[PDB]
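*Asks:* Let me give you the structure first, and then I'll get to my questions.
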Amino acid sequence: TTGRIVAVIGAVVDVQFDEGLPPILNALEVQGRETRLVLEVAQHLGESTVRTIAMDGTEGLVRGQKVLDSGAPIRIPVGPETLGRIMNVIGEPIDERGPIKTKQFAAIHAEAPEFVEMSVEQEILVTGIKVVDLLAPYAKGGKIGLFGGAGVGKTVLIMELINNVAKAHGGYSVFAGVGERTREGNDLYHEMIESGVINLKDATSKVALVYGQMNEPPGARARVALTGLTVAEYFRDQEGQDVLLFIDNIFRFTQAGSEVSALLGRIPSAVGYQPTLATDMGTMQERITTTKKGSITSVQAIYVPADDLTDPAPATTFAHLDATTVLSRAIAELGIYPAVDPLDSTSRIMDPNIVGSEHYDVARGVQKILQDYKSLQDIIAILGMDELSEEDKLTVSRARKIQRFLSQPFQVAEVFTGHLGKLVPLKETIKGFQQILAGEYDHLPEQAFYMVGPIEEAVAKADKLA
Amino acid sequence: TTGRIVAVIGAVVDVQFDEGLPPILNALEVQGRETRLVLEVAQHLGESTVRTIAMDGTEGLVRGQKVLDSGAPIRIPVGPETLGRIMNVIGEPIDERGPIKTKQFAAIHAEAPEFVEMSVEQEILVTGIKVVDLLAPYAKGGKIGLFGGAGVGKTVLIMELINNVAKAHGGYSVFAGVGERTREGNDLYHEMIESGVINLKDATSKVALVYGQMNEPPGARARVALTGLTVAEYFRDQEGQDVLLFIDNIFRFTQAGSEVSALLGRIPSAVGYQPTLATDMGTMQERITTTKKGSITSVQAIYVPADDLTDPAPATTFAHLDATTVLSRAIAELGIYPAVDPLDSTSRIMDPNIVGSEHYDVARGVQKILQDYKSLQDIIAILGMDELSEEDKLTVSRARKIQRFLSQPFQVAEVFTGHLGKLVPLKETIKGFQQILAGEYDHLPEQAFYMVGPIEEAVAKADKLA
Amino acid sequence: XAXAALXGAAXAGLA
Amino acid sequence: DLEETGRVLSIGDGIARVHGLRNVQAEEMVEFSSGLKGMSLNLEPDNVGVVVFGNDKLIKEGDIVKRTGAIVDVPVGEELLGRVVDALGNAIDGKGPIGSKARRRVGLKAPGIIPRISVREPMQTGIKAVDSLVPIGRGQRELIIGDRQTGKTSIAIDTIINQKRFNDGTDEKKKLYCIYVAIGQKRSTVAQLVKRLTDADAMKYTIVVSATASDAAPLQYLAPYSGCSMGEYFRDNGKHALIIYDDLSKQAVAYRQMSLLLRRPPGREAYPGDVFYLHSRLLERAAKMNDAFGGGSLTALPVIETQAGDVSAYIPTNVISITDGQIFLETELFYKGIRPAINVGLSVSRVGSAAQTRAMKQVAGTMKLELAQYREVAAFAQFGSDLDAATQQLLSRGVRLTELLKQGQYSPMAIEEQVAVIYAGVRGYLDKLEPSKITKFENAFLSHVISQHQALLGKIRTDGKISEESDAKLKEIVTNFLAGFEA
Amino acid sequence: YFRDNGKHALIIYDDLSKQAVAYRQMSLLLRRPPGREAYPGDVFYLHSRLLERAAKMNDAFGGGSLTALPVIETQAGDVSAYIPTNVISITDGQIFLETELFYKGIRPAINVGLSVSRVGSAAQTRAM
Amino acid sequence: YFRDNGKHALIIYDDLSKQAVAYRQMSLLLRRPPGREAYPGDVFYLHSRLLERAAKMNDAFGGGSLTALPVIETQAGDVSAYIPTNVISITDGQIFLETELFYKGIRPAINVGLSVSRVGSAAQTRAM
Ligand SMILES: Nc1ncnc2c1ncn2[C@@H]1O[C@H](COP(=O)(O)OP(=O)(O)NP(=O)(O)O)[C@@H](O)[C@H]1O
Ligand SMILES: Nc1ncnc2c1ncn2[C@@H]1O[C@H](COP(=O)(O)OP(=O)(O)NP(=O)(O)O)[C@@H](O)[C@H]1O
Ligand SMILES: [Mg+2]
Ligand SMILES: [Mg+2]
């Protein structure tokens with residue numbers, strides 16, 4: 001079908017079809033433009049006219065301009081060939097490395113895994129990260145709220161995860177930048193590169209990059225997450241791996257939703273968001289799960305508005321999170337990295353009924369001690385570290401060892417940390433903390449535990465430390 | 001006349017006439033239905049069409065369907081034959097006891113008694129309730145209102161009052177269940193039977209029941225009040241002897257109006273309410289009144305949404321009462337029952353020349369100490385009592401004792417207080433409060449005053465506490 | 001209040 | 001044929017404007033060329049506004065719309081049990097078609113005044129706190145309320161599971177078929193939900209309606225009405241059902257979405273004027289019928305999710321003003337380790353005392369009393385030096401009693417088991433003991449009397465009261481067990 | 001009538017709050033777009049127009065007068081509120097009553113601080 | 001022009017608040033749909049498309065740059081209002097000024113705690 005443009009009002013184009021009318025969600029291609037202009041279908045205004053939202057500037061459009069129904073929604077190059085490449089909302093390359101040549105194309109708008117495809121069980125997804133794995137275990141096909149921003153190892157952590165997923169699960173990763181700052185994108189690009197996760201020379205790239213820059217119109221920043229989603233889905237539905245999905249940042253998704261909504265003239269709901277806030281979110285979130293074929297795990301960067309946890313945006317979002325990973329500037333200040341907060345970070349799966357009594361107990365152990373020490377913290381500084389009991393003095397010692405044992409060297413940061421990375425195993429993780437709690441290493445000194453892998457290294461470090 | 005259904009949207013049915021257009025307020029009967037479906041004319045849309053509000057569910061209706069002009073507004077059985085019976089919005093029995101065989105019928109829509117028709121006698125109505133009697137005394141033939149957010153005590157209070165007042169009345173009573181719980185209607189009915197107010201054997205019942213609960217469509221809820229109202233009017237004017245009128249909850253009528261208002265096609269006012277909110281309330285409230293012909297002592301429950309007393313519904317209600325009992329969640333949460341706010345409840349009768357100066361002085365006495373305590377609260381909140389003046393501490397003690405002495409066990413709430421209901425006589429109340437004020441009990445503990453009848457019991461409770 | 005959003009993710013361990 | 005058919009004029013924002021269909025009745029189901037379903041909402045002079053029960057991507061200008069002559073209804077009957085269906089009744093467990101004989105409108109008006117009777121039969125949860133302090137009667141509406149993650153659903157579950165104890169029973173009058181309606185949730189959650197039910201052999205007596213996070217707003221909106229109708233079948237036939245609406249919060253947002261898109265005036269919180277009614281109509285349907293109507297019943301446990309414990313919000317207040325009590329779960333409690341995080345003070349059961357067992361009356365009766373005297377002295381203040389022996393003693397039960405009320409998941413207790421353990425605390429048999437031992441005492445003292453004393457339990461349970469002998473026997477029973485209890 | 005005929009009148013408008021509501025009603029029903037707080041954009045004008053009529057005529061016009069005492073109902077003692085401020089900005093001062101004052105025993109509950117008279121002593125006898 | 005030609009340019013937008021208003025005025029008059037604060041659904045886009053144009057080029061392109069100092073006027077310190085929210089979210093940091101500070105004697109009134117530079121030290125000299 002070949003339709004005409006009947007009206008152009010900002011980012012909302014109306015297109016009339018003489019013969020066949022494109023269903024909602026289809027992707028139309030504007031004829032005669034320097035660059036590709038995709039109009040997504042949004043409504044059937046009646047009278048053979050559709051109401052669409054432009055995926056880029058409608059500058060220059062002319063009533064009467066020709067529009068070609070691509071006879072489908074936005075489809076994109078999916079597959080391995082995507083890995084290490086940067087791609088647009090409509091699956092275009094934006095890295096200047098030539099065409100993304102894949103066999104399959106995958107429409108972005110996809111329904112979610114039927115009930116009968118659902119997994120019936122909770123399984124922790126190991127990352128090899130002591131804090132994460134021990135206190136706030138990720139969950140297969142679950143959603144993680146990643147708090148904290150700059151200065152704190154946000155990118156480095158994002159990069160280790162990627163690495164560790166490729167390593168321990170042979171699973172690839174996708175990176176969706178929803179409302180990315182052009183400056184920051186390019187900076188992420190070269191950062192991944194320098195760390196290997198991306199490889200311009202070979203075919204060893206472990207990440208595919210999807211970008212929806214901040215200049216892009218609401219509709220584009222509205223879809224980019226889906227696009228990235230489509231990509232990840234492939235490594236699950238076609239190759240049954242355990243993909244990783246990063247959405248940065250989940251807030252800009254929602255925001256992009258409201259903008260599109262408003263443009264479509266619908267009445268906003270509470271706090272100005274879209275009346276379809278919950279649906280907009282669910283039709284997306286729900287595609288992120290463990291099906292029988294594999295699983296997609298999503299790391300979502302969250303931005304809470306007005307620091308208001310009950311704001312509709314954030315509130316809605318929590319309905320889908322299985323765990324939070326709180327990056328903390330303070331922690332970073334102790335030199336501790338990853339700068340994850342062992343007391344603020346949480347996981348739904350931290351249930352003995354799920355992680356097993358052992359795992360559950362250790363965790364609950366590490367936390368209490370961490371908590372107790374926190375109490376004493378106030379006393380120590382004021383009244384001086386001495387009314388401390390044979391007991392009060394051990395909780396501290398241990399805690400201090402613990403706090404350190406919770407830190408760790410990332411392989412991603414080897415390039416210029418001059419230190420070898422460590423991918424501690426869940427078994428090793430429980431053991432390690434188990435013993436410290438136990439009192440096995442009370443004789444060991446603090447610094448012994450700083451920046452090491454498995455407890456064994458804590459022991460050797462002590463050696464080298466006389 | 002026979003119109004045709006032109007359009008259907010919820011409870012708003014538009015019917016077109018060819019020869020005779022029914023006037024506004026007329027009741028039409030939809031043809032071709034298992035049960036009666038009355039439509040009340042709302043307006044003349046022009047074009048020989050009339051916009052109406054259905055009195056029952058509209059499912060099944062079909063465009064083109066035949067409608068018959070009843071020729072008058074909703075009329076219902078009025079007379080003594082209503083006593084002891086349960087009836088509909090439209091006046092049909094709903095007690096499964098056959099038809100209500102009355103000589104006369106009355107239409108629900110009537111004009112409010114004229115100015116010259118008003119009455120100005122002001123007699124106190126003792127209830128036996130300490131807070132009510134002392135601070136915001138009701139009045140014979142007066143208008144009483146019980147404000148309350150969800151689950152605060154509106155109903156309980158209405159029951160206790162029916163108990164303490166209705167039961168020993170000698171005259172008639174009308175209970176109108178508006179938009180409340182069906183189970184409640186059932187609870188009352190059977191209870192009424194039990195106490196003999198309703199007699200299914202003789203003609204000795206003193207109460208007529210009208211109901212249009214939580215399960216009815218908006219239109220029903222918007223008219224039941226009028227229905228119950230009419231029933232009462234009859235006993236007032238047509239027979240000369242003092243009536244009692246209980247409504248639970250009048251807020252439901254206003255809410256109901258908001259339900260259909262959009263459908264009627266009106267630009268909403270503040271908070272999404274109908275622009276006719278005040279008038280609607282007014283032409284209805286103005287019929288609930290005492291006159292030279294008869295007396296109507298009415299107690300209406302007034303639900304307060306989101307606990308917001310500034311909500312247009314409750315806000316606009318104050319102006320129609322002679323006495324107001326504002327219930328508080330905060331007080332209730334403290335365990336004080338009834339949860340009446342002593343500084344927020346008022347009564348036109350609180351006048352020395354009506355209740356006497358002894359009564360007038362204690363009342364204002366109690367309020368002033370409670371007000372004083374209220375101001376001290378901010379400080380007490382951060383710093384507690386320590387830093388309080390010996391003088392201030394004494395107001396606090398007294399206030400907390402008066403506060404407690406204001407509570408009281410209701411027969412109706414025995415199952416919850418775990419105590420035997422109490423009915424304190426006015427002089428008993430004036431007294432017990434005087435003494436408290438007068439420092440005659442500064443020695444007893446607060447607890448002694450909580451949940452008791454007369455002051456005497458508060459002294460004993462003190463001994464028992466030892 | 002007004003400029004709180006410049007803290008940030010402050011009560012995060014509560015979510 | 002424009003009498004029984006119509007062609008779509010325009011689809012957008014989930015409202016299909018169909019031309020024709022001159023014969024549709026209001027609220028009648030209609031069908032789309034794509035096998036999609038809809039409800040005839042508006043009957044206007046020259047079109048029918050239809051509410052599509054699925055993704056409107058499927059519908060297009062011109063599509064054919066056919067009547068069905070049926071006001072929205074659903075499959076109903078015992079053959080739903082053990083099935084996982086969608087908001088329309090269609091199976092989603094992929095277990096083959098539902099062989100349903102009966103159907104039922106989703107929008108029937110609740111039973112009036114006359115046909116009902118005061119709730120008088122207990123609706124056991126198996127949860128100590130609830131069954132002792134917030135007794136639910138059959139045909140009651142009791143609201144589960146709290147913030148996210150406070151253990152709301154968990155109460156529904158233990159309740160469902162606890163029913164097996166009767167369903168596997170002899171007597172049909174003591175049974176309870178459960179219905180769990182999921183709205184706005186995650187499938188991964190519902191899927192795991194049934195898995196848990198299945199492993200407990202509870203699905204055999206449960207129906208599960210699902211309208212999840214990904215289902216069209218109208219499906220989410222619909223779901224509770226459907227589940228209700230199915231529950232109604234049991235209520236209507238001298239039987240007894242339990243329906244769980246999880247949550248009403250999300251339904252309300254679903255309805256709001258619909259309302260705003262239809263352009264209806266947004267009010268408080270942007271909610272449409274009729275959201276209360278959305279809830280009242282539904283919840284009125286739970287009910288206790290009298291003997292002349294089958295003596296059957298429907299019990300509703302609707303779930304509402306508060307933000308920051310704000311129990312005054314628009315939606316929470318609405319619901320509170322409908323049900324017959326609430327069970328508020330506290331974030332504080334939950335973290336402080338008290339679970340079920342039940343707020344003893346705030347929570348209520350307007351109608352349940354009468355449904356309460358005497359045995360419980362016997363022990364639970366002096367429990368809130370004791371807890372009442374503990375509620376006070378138990379301040380926020382962590383470091384407080386106290387005086388007075390009495391107040392001291394009061395403070396002492398309080399911590400014990402509190403330990404008795406903690407309960408794990410999936411382990412619903414028999415009423416007689418509850419009275420037993422509660423007996424130990426309320427009688428003083430745990431006063432001389434340390435609060436950290438309570439939990440341990442319970443399990444140990446419970447297995448003990450379950451193993452050795454099925455004799456006394458059965459009496460208690462059978463008699464339904466605590467007879468002089470039973471109480472005498474019980475007293476020694478705690479006595480000796482104590483005497484042998486290893487710290 | 002009195003004002004224009006060298007006589008003296010006093011008018012109490014009890015209260016202008018309910019009148020505005022009436023206005024808002026009448027207005028919305030005519031389909032005139034709702035303004036701030038749902039009221040017609042001209043609520044101010046609704047009251048100004050009216051209260052400007054209260055006046056003191058010179059000897060040339062009979063020396064008569066019209067004095068107005070309009071009543072406004074706040075909510076939660078909030079005088080800063082839009083309608084309350086609208087009206088405060090027309091009249092020659094205000095008498096603000098607080099319930100706190102009242103309960104406290106200060107009756108009239110006049111709030112000295114918040115009340116004013118734009119006429120000042122010119123309206124008082126020398127004795128006063 | 002400067003940026004592209006190996007040169008360096010600095011730009012000050014004073015203010016972006018007023019511009020947003022200008023845009024809003026046009027939008028509403030054209031009758032486009034209004035959102036929060038009456039702002040069109042593409043007001044974010046208006047600034048993002050503006051502020052992104054500033055950037056540091058690569059030698060391959062001339063090494064020239066365009067730095068931007070856009071000004072936003074908050075209201076009663078409400079950084080979370082609509083337009084302030086966008087722009088904050090778009091830029092690499094913020095220099096937060098306070099009246100309290102100012103009057104207290106701190107001039108310039110920079111609230112050091114709340115101000116930021118994502119770029120950071122990568123822009124500071126070794127000396128500094
Ligand atoms: N006077 C009272 N004494 C003790 N408890 C009371 C009293 N009044 C109310 N309660 C408690 O609070 C519950 C609610 O009382 P009720 O009178 O039904 O409130 P309501 O305002 O009628 N609620 P609702 O209509 O749902 O907004 C009762 O079931 C009791 O548990
Ligand atoms: N009685 C209990 N004892 C111990 N842990 C419990 C108990 N009940 C629930 N939990 C834990 O508490 C978690 C939250 O309970 P859940 O019933 O899922 O809460 P909720 O209020 O439904 N929250 P959500 O539905 O996620 O908004 C569960 O996943 C369990 O891990
Ligand atoms: Mg009530
Ligand atoms: Mg839940």
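All residue names refer to the structure tokens as shown: chains lettered A, B, ... in order, residues numbered from 1 in each chain, ligands numbered from 1 in order.
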Just the residues within 9 Å of region 5-14 of chain C, please, counting only C-alpha atoms, with nothing from its chain fewer than 3 positions along; format it as a list in words.
*Replies:* residues 147, 148, 302, 303, 304, 305, 306, 307, 308, 309, 324, 326, 341, 343, 344, 345 and 346 of chain A; 1 and 2 of chain C; 79, 80, 113, 114 and 115 of chain F
*Asks:* Could you please take those selected residues and save N, CA and C atoms as a PDB file, in the first residue's frame?
*Replies:*
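result.pdb, written as the output of this step:
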```
ATOM      1  N   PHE A 147      20.690   1.312  41.450  1.00  0.00           N
ATOM      2  CA  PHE A 147      20.767   2.647  41.994  1.00  0.00           C
ATOM      3  C   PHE A 147      22.196   3.136  42.037  1.00  0.00           C
ATOM      4  N   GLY A 148      22.347   4.445  42.165  1.00  0.00           N
ATOM      5  CA  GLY A 148      23.655   5.062  42.202  1.00  0.00           C
ATOM      6  C   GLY A 148      24.032   5.494  40.799  1.00  0.00           C
ATOM      7  N   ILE A 302      17.349   2.979  37.413  1.00  0.00           N
ATOM      8  CA  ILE A 302      16.210   3.726  37.899  1.00  0.00           C
ATOM      9  C   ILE A 302      16.529   5.122  38.395  1.00  0.00           C
ATOM     10  N   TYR A 303      15.656   6.046  38.019  1.00  0.00           N
ATOM     11  CA  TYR A 303      15.739   7.428  38.423  1.00  0.00           C
ATOM     12  C   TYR A 303      14.473   7.802  39.186  1.00  0.00           C
ATOM     13  N   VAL A 304      14.520   7.926  40.507  1.00  0.00           N
ATOM     14  CA  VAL A 304      13.315   8.279  41.257  1.00  0.00           C
ATOM     15  C   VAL A 304      13.043   9.783  41.263  1.00  0.00           C
ATOM     16  N   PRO A 305      11.858  10.177  40.796  1.00  0.00           N
ATOM     17  CA  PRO A 305      11.479  11.584  40.731  1.00  0.00           C
ATOM     18  C   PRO A 305      11.217  12.234  42.076  1.00  0.00           C
ATOM     19  N   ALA A 306      11.826  13.393  42.302  1.00  0.00           N
ATOM     20  CA  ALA A 306      11.590  14.092  43.542  1.00  0.00           C
ATOM     21  C   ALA A 306      11.959  13.252  44.754  1.00  0.00           C
ATOM     22  N   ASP A 307      12.781  12.226  44.555  1.00  0.00           N
ATOM     23  CA  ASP A 307      13.144  11.376  45.671  1.00  0.00           C
ATOM     24  C   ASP A 307      11.908  10.764  46.292  1.00  0.00           C
ATOM     25  N   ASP A 308      10.828  10.773  45.531  1.00  0.00           N
ATOM     26  CA  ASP A 308       9.565  10.253  45.999  1.00  0.00           C
ATOM     27  C   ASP A 308       9.326   8.821  45.579  1.00  0.00           C
ATOM     28  N   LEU A 309       9.550   7.887  46.500  1.00  0.00           N
ATOM     29  CA  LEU A 309       9.352   6.482  46.196  1.00  0.00           C
ATOM     30  C   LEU A 309       7.925   6.103  45.844  1.00  0.00           C
ATOM     31  N   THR A 324      17.242  -5.061  43.979  1.00  0.00           N
ATOM     32  CA  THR A 324      17.910  -3.787  43.804  1.00  0.00           C
ATOM     33  C   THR A 324      19.390  -3.936  44.046  1.00  0.00           C
ATOM     34  N   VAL A 326      22.117  -1.237  44.887  1.00  0.00           N
ATOM     35  CA  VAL A 326      22.377   0.145  45.241  1.00  0.00           C
ATOM     36  C   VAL A 326      23.844   0.542  45.242  1.00  0.00           C
ATOM     37  N   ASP A 341      26.197  -1.287  48.211  1.00  0.00           N
ATOM     38  CA  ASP A 341      25.869  -1.166  49.621  1.00  0.00           C
ATOM     39  C   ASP A 341      25.238  -2.450  50.143  1.00  0.00           C
ATOM     40  N   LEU A 343      23.941  -3.216  52.876  1.00  0.00           N
ATOM     41  CA  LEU A 343      22.785  -3.120  53.736  1.00  0.00           C
ATOM     42  C   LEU A 343      21.568  -2.539  53.040  1.00  0.00           C
ATOM     43  N   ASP A 344      21.809  -1.757  51.995  1.00  0.00           N
ATOM     44  CA  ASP A 344      20.725  -1.135  51.260  1.00  0.00           C
ATOM     45  C   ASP A 344      20.210  -1.972  50.096  1.00  0.00           C
ATOM     46  N   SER A 345      21.102  -2.754  49.492  1.00  0.00           N
ATOM     47  CA  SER A 345      20.770  -3.610  48.358  1.00  0.00           C
ATOM     48  C   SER A 345      19.950  -4.814  48.795  1.00  0.00           C
ATOM     49  N   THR A 346      18.856  -5.109  48.081  1.00  0.00           N
ATOM     50  CA  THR A 346      17.977  -6.213  48.472  1.00  0.00           C
ATOM     51  C   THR A 346      17.569  -7.160  47.355  1.00  0.00           C
TER      52      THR A 346
ATOM     53  N   UNK C   1      12.639  18.539  50.386  1.00  0.00           N
ATOM     54  CA  UNK C   1      11.750  19.537  49.855  1.00  0.00           C
ATOM     55  C   UNK C   1      12.285  19.986  48.523  1.00  0.00           C
ATOM     56  N   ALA C   2      11.829  21.152  48.063  1.00  0.00           N
ATOM     57  CA  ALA C   2      12.173  21.791  46.792  1.00  0.00           C
ATOM     58  C   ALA C   2      13.390  21.223  46.051  1.00  0.00           C
TER      59      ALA C   2
ATOM     60  N   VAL F  79      13.498  22.366  42.064  1.00  0.00           N
ATOM     61  CA  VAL F  79      14.248  21.814  40.943  1.00  0.00           C
ATOM     62  C   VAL F  79      13.492  20.717  40.229  1.00  0.00           C
ATOM     63  N   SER F  80      12.478  20.178  40.885  1.00  0.00           N
ATOM     64  CA  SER F  80      11.727  19.084  40.314  1.00  0.00           C
ATOM     65  C   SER F  80      10.546  19.478  39.467  1.00  0.00           C
ATOM     66  N   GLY F 113      27.485  21.625  47.826  1.00  0.00           N
ATOM     67  CA  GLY F 113      27.044  20.264  48.032  1.00  0.00           C
ATOM     68  C   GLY F 113      26.183  19.732  46.905  1.00  0.00           C
ATOM     69  N   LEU F 114      25.256  20.553  46.426  1.00  0.00           N
ATOM     70  CA  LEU F 114      24.306  20.136  45.418  1.00  0.00           C
ATOM     71  C   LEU F 114      24.693  20.360  43.974  1.00  0.00           C
ATOM     72  N   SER F 115      25.784  21.078  43.739  1.00  0.00           N
ATOM     73  CA  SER F 115      26.233  21.338  42.381  1.00  0.00           C
ATOM     74  C   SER F 115      27.050  20.161  41.848  1.00  0.00           C
TER      75      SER F 115
END
```
*Asks:* Write out as number ranges by chain which residues come within 7 Å of residue 61 (chain E) when counting only C-alpha atoms, dropping same-chain ones fewer than 3 positions away.
*Replies:* E: 4, 57-58
*Asks:* Please provide the set of residues having any atom within 9 Å of residue 320 (chain A), restricted to only C-alpha atoms, with same-chain residues fewer than 2 positions apart removed, written as JSON, numbers by chain.
*Replies:* {"A": [142, 143, 144, 282, 285, 286, 316, 317, 318, 322], "D": [185, 186]}
*Asks:* Using the selection just defined, write its residues with N, CA and C atoms as a compact mmCIF listing (two decimals), in the first residue's frame.
*Replies:*
```
# COMPACT_ATOMS: atom_id res chain seq x y z
N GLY A 142 14.57 -12.22 36.05
CA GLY A 142 14.08 -11.20 36.97
C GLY A 142 14.54 -9.79 36.58
N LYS A 143 14.09 -8.78 37.35
CA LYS A 143 14.44 -7.38 37.11
C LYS A 143 15.18 -6.74 38.28
N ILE A 144 16.34 -6.15 37.98
CA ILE A 144 17.14 -5.49 39.01
C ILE A 144 17.20 -3.98 38.87
N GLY A 282 3.97 -2.91 31.68
CA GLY A 282 3.76 -4.34 31.71
C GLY A 282 3.91 -5.00 30.35
N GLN A 285 7.88 -5.11 30.46
CA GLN A 285 8.48 -5.89 31.55
C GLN A 285 8.25 -7.38 31.43
N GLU A 286 7.00 -7.74 31.16
CA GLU A 286 6.57 -9.12 31.07
C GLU A 286 7.27 -10.02 30.05
N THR A 316 5.18 2.29 40.06
CA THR A 316 4.77 1.34 39.05
C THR A 316 5.88 0.34 38.80
N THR A 317 7.06 0.90 38.56
CA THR A 317 8.24 0.12 38.28
C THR A 317 8.56 -0.95 39.31
N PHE A 318 8.43 -0.64 40.59
CA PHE A 318 8.77 -1.62 41.61
C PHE A 318 7.94 -2.86 41.54
N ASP A 322 12.76 -7.67 41.07
CA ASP A 322 13.07 -8.82 41.89
C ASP A 322 14.22 -8.56 42.84
N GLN D 185 -0.79 -8.57 38.17
CA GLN D 185 0.40 -9.29 38.59
C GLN D 185 1.25 -9.73 37.39
N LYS D 186 2.36 -10.40 37.72
CA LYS D 186 3.32 -10.98 36.78
C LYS D 186 2.94 -12.43 36.53
```
*Asks:* Show me which residues are within 7 Å of ligand 1 counting only C-alpha atoms and all ligand atoms, and format the list as a ChimeraX atom specification.
*Replies:* /B:148-157,303,337-338,409-410,413,416-417 /D:320-322,348-350
*Asks:* Hey, which of F:76, F:119, F:11, F:54 ends up closest to residue 99 (chain F)? Count only C-alpha atoms.
*Replies:*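 Closest to residue 99 (chain F) of all the choices is F:76.
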*Asks:* Once you count only C-alpha atoms and all ligand atoms, which residues end up within 10 Å of ligand 2, and could you hand them over as a CSV table (one decimal) with C-alpha atoms, in the first residue's frame?
*Replies:*
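Saved result, selection.csv, follows:
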```csv
chain,number,residue,atom,x,y,z
A,318,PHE,CA,8.8,-1.6,41.6
A,319,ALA,CA,5.9,-3.9,40.8
A,320,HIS,CA,8.3,-5.7,38.5
A,321,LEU,CA,11.6,-5.7,40.3
A,322,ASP,CA,13.1,-8.8,41.9
A,347,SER,CA,16.7,-9.3,46.8
A,348,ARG,CA,13.3,-11.0,46.7
A,349,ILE,CA,15.0,-14.4,46.5
A,350,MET,CA,16.8,-14.0,49.8
A,351,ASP,CA,14.6,-16.7,51.2
A,352,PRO,CA,15.9,-19.9,52.8
A,353,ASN,CA,13.1,-21.5,50.9
A,354,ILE,CA,14.8,-20.3,47.8
D,127,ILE,CA,-3.1,-18.5,60.5
D,144,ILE,CA,-6.2,-7.6,53.2
D,145,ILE,CA,-4.4,-4.3,53.2
D,146,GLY,CA,-0.7,-3.2,53.3
D,147,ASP,CA,2.2,-1.8,51.2
D,148,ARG,CA,4.0,-3.7,48.5
D,149,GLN,CA,5.7,-6.8,49.8
D,150,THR,CA,4.1,-6.9,53.2
D,151,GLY,CA,2.8,-10.5,52.9
D,152,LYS,CA,-0.6,-9.8,51.6
D,153,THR,CA,-1.0,-12.6,49.1
D,154,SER,CA,0.7,-14.9,51.6
D,155,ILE,CA,-2.4,-14.7,53.7
D,156,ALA,CA,-4.6,-15.6,50.8
D,157,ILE,CA,-2.5,-18.7,50.0
D,158,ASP,CA,-2.2,-20.2,53.5
D,185,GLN,CA,0.4,-9.3,38.6
D,186,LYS,CA,3.3,-11.0,36.8
D,189,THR,CA,4.1,-15.0,39.8
D,246,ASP,CA,-5.5,-9.7,44.1
D,247,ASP,CA,-5.4,-6.7,43.9
D,303,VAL,CA,-6.4,-7.2,48.3
D,304,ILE,CA,-5.5,-3.4,48.4
D,305,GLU,CA,-2.0,-2.1,48.1
D,306,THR,CA,-1.2,1.2,50.1
D,329,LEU,CA,0.0,-5.7,57.6
D,330,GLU,CA,2.8,-3.3,58.7
D,331,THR,CA,6.1,-2.6,57.0
D,334,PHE,CA,7.5,-7.2,58.7
D,335,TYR,CA,11.1,-6.0,59.0
D,337,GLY,CA,10.7,-9.8,62.0
D,338,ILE,CA,7.0,-10.1,63.0
D,339,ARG,CA,5.2,-12.1,60.4
D,340,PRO,CA,2.5,-12.1,59.6
D,341,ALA,CA,3.2,-8.4,60.0
D,405,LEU,CA,1.6,-15.2,66.6
D,406,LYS,CA,4.6,-15.4,64.3
D,407,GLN,CA,4.0,-18.1,61.6
D,408,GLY,CA,5.9,-19.4,58.6
D,409,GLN,CA,4.3,-19.9,55.2
D,410,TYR,CA,2.6,-23.0,53.8
D,411,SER,CA,1.9,-24.4,57.3
```
